[PDB]
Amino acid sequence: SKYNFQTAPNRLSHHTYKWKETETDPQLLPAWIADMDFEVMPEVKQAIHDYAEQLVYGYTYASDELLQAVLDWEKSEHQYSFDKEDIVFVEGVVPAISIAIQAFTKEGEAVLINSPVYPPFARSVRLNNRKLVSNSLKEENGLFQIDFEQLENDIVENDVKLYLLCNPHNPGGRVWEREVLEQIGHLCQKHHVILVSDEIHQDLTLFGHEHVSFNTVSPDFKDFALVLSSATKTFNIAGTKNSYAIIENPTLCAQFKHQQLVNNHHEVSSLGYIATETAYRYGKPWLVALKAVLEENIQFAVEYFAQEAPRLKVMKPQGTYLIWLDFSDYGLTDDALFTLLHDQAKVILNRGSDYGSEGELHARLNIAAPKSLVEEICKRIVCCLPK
């Protein structure tokens, strides 16, 4: 209808990560990194034009209007109320994760993640010389679940100081229930663990699934937990480089901001600020339209794979626009899977093994593209699977 979800803008010649390989091999169709193929909402494009027409591109600060936009988005969309002083802007969520690790732990101390998970989680812990504790998620009835007995064991046995939670969880697209988050929080309270809730996918919950922001679970959770999010995944504006932490606890907030300044990682670009404010101000109708398209694409993929590759195990996302595929029933190695998809099927999917050992013989599929493209990508995925 009014917004364009039919035709993908041509990204070749714009130095995108997503289309980089395709620029050398034109047959390759990318469906990996979490950028969407869709045109961004028109108000953001207009805001970039308006930025140009400032004529001067000097140092700018985070305005009260931007702060209010974040406050209003969190309250309106996620029922999460806090003060403007609790917002800390950071040029990205992955930046924020390293700052959090450096601020809240010392070298050698243990940081826990639920594996398999977005690879910068494990990387950021290891490169910072913290001890990584991978709490392996169970898979039951096609969904990831937390083994709470082993999670406590992992916390206690390793003296875990910090828990990097992914909510919604990437990969898999798991939209944790309030009851799950409450159990996590109680464990953090018991064992004196600080929790960082990476909620970057929070606006992308689907099929009736509702995001529960971590500190909305219990009024005391802010004593040990902070929330990271952004407009970038929601609105396909990852190249504008802005995001935020909500840190209501004064001590945690000071410690984060201090580390951020120690790292000189405290400034954001002018368009970073503009694009986030604009997206939150005008983006809701576009987001509604987006989510309908994503649901149709996911449903199509699940049904198509059921019909054309019944042996392929498909985890239906509860949120995110990313589908976790399990090729374990096929007579392939992890490396042979990669070369089959990339070289024979000519489709670029994230290698599941990037996400941890649980990702062996998996791949991750990005369906945030026009339906015609999603149909082509799914056709390629089933085309060359071995008997």
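Residue numbers run from 1 along the displayed sequence.
Averaged over Cα atoms, the B-factor as recorded in the entry is higher for 374 to 382 than for the other of 374 to 382 and 360 to 368. Per-stretch averaging of Cα B factors for 242 to 250 and 301 to 309 places 301 to 309 on top. The top Cα temperature factor in the record, among 30, 319, 58, 26, falls on 26. Per the PDB record, 154 has a higher Cα B-factor than any other of 223, 154, 182, 91. Placement of the Cα temperature factor of residue 148 within the chain: highest third of the modelled residues, per the deposited record. Looking at the C-alpha B-factors along this chain, the one for residue 36 belongs to the middle third. For residue 255, the recorded CA temperature factor ranks within the middle third of the chain's modelled residues. Per-chain ranking of the deposited C-alpha B factor places residue 72 in the middle third.
The PDB entry assigns residue 283 a C-alpha temperature factor belonging to the middle third of its chain's modelled residues.
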